[PDB]
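A.B. asks:
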Ligand SMILES: CC(=O)c1c(C)[nH]c(-c2csc(CN3C(=O)CNC3=O)n2)c1C
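Numbering (the authors' numbering), first residue to last: 1796 to 1898.
#1: Return helix, strand or coil for residue 1835, following the three-state DSSP convention.
#2: Which class does residue 1865 belong to by DSSP, given the choice of helix, strand or coil?
#3: Any idea if residue 1806 is buried or exposed, counting beta-carbon neighbours within 10 angstroms, 16 or more meaning buried?
#4: By how many angstroms is the C-alpha of residue 1809 removed from the C-alpha of residue 1886?
#5: Short of 7 Å in beta carbon distance, which residues of its chain neighbour residue 1855, apart from the five on each side in sequence? Order them along the chain.
#6: Can you tell me the Cβ-Cβ gap for residue 1882 and residue 1816, rounded? I've got them flagged as a contact below 8 Å.
#7: Tell me whether residue 1851 sits in a helix, a strand or coil according to DSSP, three-state version.
#8: Our contact map puts residue 1818 next to residue 1865 with C-beta atoms below 8 Å; I'd like the distance itself, whole angstroms only.
#9: Find out if the Cβ-Cβ distance for the pair residue 1820, residue 1848 is shorter than 8 Å.
#10: Could you check the C-alpha separation between residue 1873 and residue 1822 for me, to the nearest Å?
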């Protein structure tokens, strides 16, 4: 629906963010040993983009839950001072700041 256009925009802003590079596609289990074993519910921005593109979100709250899941997964798997771990903390605040502009 057009009701979620503002979420398409937030997602775009996230995809184009300097700290977005870890989160653009699903983590590859061939490259990150045991990732999908440790992280039960992987999530990434392309998966979110596809769900928006097909109209698969029933609410903006569902979209925000997926965003937070990206960052919760990152914090679960990565150290705070690692490059991916640093990026996840940057991106969480970015998402939160944009969400707070509507809520
Ligand atoms: C373990 C973890 O939580 C990771 C996440 C969420 N993301 C990445 C990661 C590393 S690299 C990358 C994107 N990427 C390529 O796949 C090729 N060049 C490039 O920048 N994502 C990791 C390791």
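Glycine included, each C-beta is placed from N, C-alpha and C at the ideal position.
C.D. replies: Looking at the coordinates:
#1: The count along the chain shown starts at 1 and reaches residue 1835 at position 40. Coil.
#2: Here residue 1865 is taken as the residue at index 70 of the chain shown, counted from 1. If DSSP states are grouped into helix, strand and coil, residue 1865 belongs with the helices.
#3: What you label residue 1806 is simply residue 11 of the chain shown in a count that begins at 1. A residue is called buried once 16 or more other Cβ atoms fall within 10 Å of its Cβ, and residue 1806 is buried on that count.
#4: Within the chain shown, residue 1886 is the residue found at index 91, counting from 1. Within the chain shown, residue 1809 is the residue found at index 14, counting from 1. If I take the Cα positions, the gap works out to 7 Å.
#5: As a first step, residue 1855 must be located in the chain shown, where it is residue number 60. Counting only Cβ-Cβ distances below 7 Å, and skipping sequence neighbours, we find 1799 and 1802.
#6: Stepping through the chain shown from its first residue, residue 1882 is reached at position 87. Stepping through the chain shown from its first residue, residue 1816 is reached at position 21. Confirmed, Cβ separation roughly 7 Å.
#7: Taking the chain shown and counting its residues from 1, one reaches residue 1851 at position 56. Coil, per DSSP.
#8: Position 23 of the chain shown holds residue 1818. Position 70 of the chain shown holds residue 1865. Indeed they touch by this definition, with Cβ atoms about 5 Å apart.
#9: Your numbering for residue 1820 matches position 25 in the chain shown. Your numbering for residue 1848 matches position 53 in the chain shown. Their beta carbons are not under 8 Å apart, which means residue 1820 does not touch residue 1848 by this criterion.
#10: Your numbering for residue 1873 matches position 78 in the chain shown. Your numbering for residue 1822 matches position 27 in the chain shown. Distance from the CA atom of residue 1873 to the CA atom of residue 1822, rounded to whole angstroms, is 13 Å.
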